[PDB]
């Protein structure tokens, strides 16, 4: 018999009613988690603001923009910023803060739109390109290897990369997964961008498929006014592999450096970085 009746389809919405799982438990802890960006680190403000300024970057695209924190600063410092993301749940908060602050011209002129790394080319009229494209805070890693061959990773970078104007920069990052795969632990409270305020506990689960590392899945355990859980997954980009992927994205025509945590990275140095930042420039 074993059918499966449902009161509404997965994905739809009705007017008096909270959507899908929006009122649930994981969702409400996870809303604390993403709203955990109040102290932006001064080091990071210094570094990115100085990276852009140093290369004369003024037109910037923030791909994977989230609630928009990184973008809010860019906007604040007089940049010209377009911000995209594929997730409405997070874009809601960019959109919100933008309305909230609509009187400010800098912010009236802020563009927030939906777009998807896999279709980025058709989803953002790039014009003759952007000065900087930033994808920070380790979000590229949310893109999973569904097809098995990393062809998606490849297309996502190719698309992102193509957003970048000649002589422009792509500033893209990932957690040091080399280390995570090594300790088998993804340390909490190590976010170099926004020092975290939530006290939170973390179990790390690593899936290895036919002896190639395939997923890191983090289950967070947070305290409220309470012990609530939620789970997120990541693709573990070892530093070599990502280096290759991202280079190939521009064909090969690039200046390419890779940062420690904002300081440079000499392979075999005593200090172990928590993130690797890839700053890429182009051709001509």
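Residue numbers count along the first chain shown, from 1.
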Q: Count, per the entry, the deposited residues between residue 225 and residue 226 that are not modelled, and return the matching class: none, 1 to 3, 4 to 9, or 10 or more.
A: 4 to 9
Q: Please work out which of 212-220 and 250-258 has the higher mean CA B-factor as recorded in the PDB entry.
A: 250-258
Q: Could you check the entry and say whether 263-271 or 10-18 has the higher mean CA B-factor?
A: 263-271
Q) Reading the B-factor column of the entry, which of 122, 165, 174, 142 has the highest value at its C-alpha atom? A) 122
Q: Using the B-factor values recorded in the entry, state whether the Cα atom of residue 98 falls in the lowest, middle or highest third among the modelled residues of its chain.
A: lowest
**Q.** residue 32 by Cα B-factor - lowest, middle or highest third of the modelled chain
**A.** lowest
Q: Select lowest, middle or highest to describe the third in which the CA B-factor of residue 157 falls within its chain in this entry.
A: lowest
Q) Going by the entry, which third of its chain does the Cα temperature factor of residue 104 land in? A) highest
Q: Compare the C-alpha B factor of residue 240 with those of the other modelled residues in its chain, then answer lowest, middle or highest third.
A: middle
